[PDB]
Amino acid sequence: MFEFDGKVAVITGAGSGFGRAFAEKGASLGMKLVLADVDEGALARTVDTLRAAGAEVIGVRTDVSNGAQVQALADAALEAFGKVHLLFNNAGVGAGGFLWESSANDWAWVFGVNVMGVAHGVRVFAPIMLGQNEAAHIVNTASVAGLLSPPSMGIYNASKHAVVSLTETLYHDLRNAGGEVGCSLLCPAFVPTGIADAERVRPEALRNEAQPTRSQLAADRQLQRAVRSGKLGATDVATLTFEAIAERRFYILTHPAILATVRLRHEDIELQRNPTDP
C-alpha cells in the first residue's frame, strides 16, 4: 500500500472545498502540506487553520492556469520539504448556459483552470516525481461531468472530459515509462462546496461585460441547488480519495449511484443513438 507518514502533499484549490478537505486528511496521516490557491484570503485562512490543528504546512498563492506560477509552486515545495510525493491537481471553476451563449472569455477561463492547470501540474511535477525514485501519486479532480454531458454546462463538461482522458492516458504513459509514480482520477457528483460561486475568482481580464442570459441564470440557479443538496461532504470525498490512493485505484467514483446514468451515455455511443435525456 501507499504510505503517507512524513510524505509531502501539494494541493491546489486548497483554500476551500475538496482541497481544504485533502489538506486536513493529509495532515491526519502525518503528511507535510504545500497548499496553493489563487484566492489569497482563503489560502491564508486555510494555512492558519491547518497550523492550529498541528500540521506542518506552507502556502503559496498560485494561479494554476499560469505555467510559471505552477513551476514556482514546485520550486517552493522542494525548497521547503525537499520532495513531492502527492499532487492534487484539484482547483476548478465553472460556467453554464446554452453553449453558444457563453463568451470566448468563459471558454478561456474554464479551460485555463480546469485543463491547463492540470496540464501544468502534470508537466511540472511528474518529472520531479520520476526523478526521486520513490513512490508518488498524482490525483486529478475531474467530475461526473467528465463522464456525462448534462445540458447547459457544456464548457464545464468539455473541460472535465478532457481531464478524464488526459488522466487515463497519463496512467498508461506512467506504466510504459516505468517507475513508482502512479495516478488517479476523482469523479465526484455534487458536494456542498464553493464551486457554485467560482465567479468570485474569475480574473479581471476575463470578465463578461454582458449581463447573464436567461439560460445562464437558469443554469447558475440549478447548479446552486445541486451543490447545496449533495449528501456526501468534502470530508467524505477526502476520506474516499485517500483510500483509493492507498490502493492505487485509478477511478475514484465517490457517488457510484451515478453509474446508471453513465451506462446510459455509454449505451448511446455503442448504439450510435442520438443522446438520451435521462
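Sequential numbering from 1, following the sequence displayed.
Chemist: Mean CA temperature factor from the deposited coordinates, higher in 194 to 202 or in 153 to 161?
Modeler: Between 194 to 202 and 153 to 161, it is 194 to 202 that shows the higher mean C-alpha B-factor.
Chemist: What stretch has the higher average Cα B-factor here, 260 to 268 or 14 to 22?
Modeler: The deposited B-factors put 260 to 268 ahead on the C-alpha mean.
Chemist: Going by the CA temperature factor in the entry, name the top one among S143, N105, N176, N140.
Modeler: Most elevated C-alpha B-factor of the set, per the entry: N176.
Chemist: How does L217 rank on Cα B-factor within its chain, lowest, middle or highest third?
Modeler: Top third by C-alpha B-factor.
Chemist: Sorting by Cα B-factor within the chain, modelled residues only, which third would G54 end up in: lowest, middle or highest?
Modeler: It belongs to the lowest third of the chain when residues are ordered by C-alpha B-factor.
Chemist: Check where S65 lands among this chain's C-alpha B-factors and tell me if it's the lowest, middle or highest third.
Modeler: For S65, the deposited C-alpha B-factor lands in the lowest third.
Chemist: Using the temperature factors of the C-alpha atoms in this entry, rank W100 within its chain: lowest, middle or highest third.
Modeler: It falls in the middle third of the chain.
Chemist: Which third, lowest, middle or highest, does the CA B-factor of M116 fall in along this chain?
Modeler: Lowest third.
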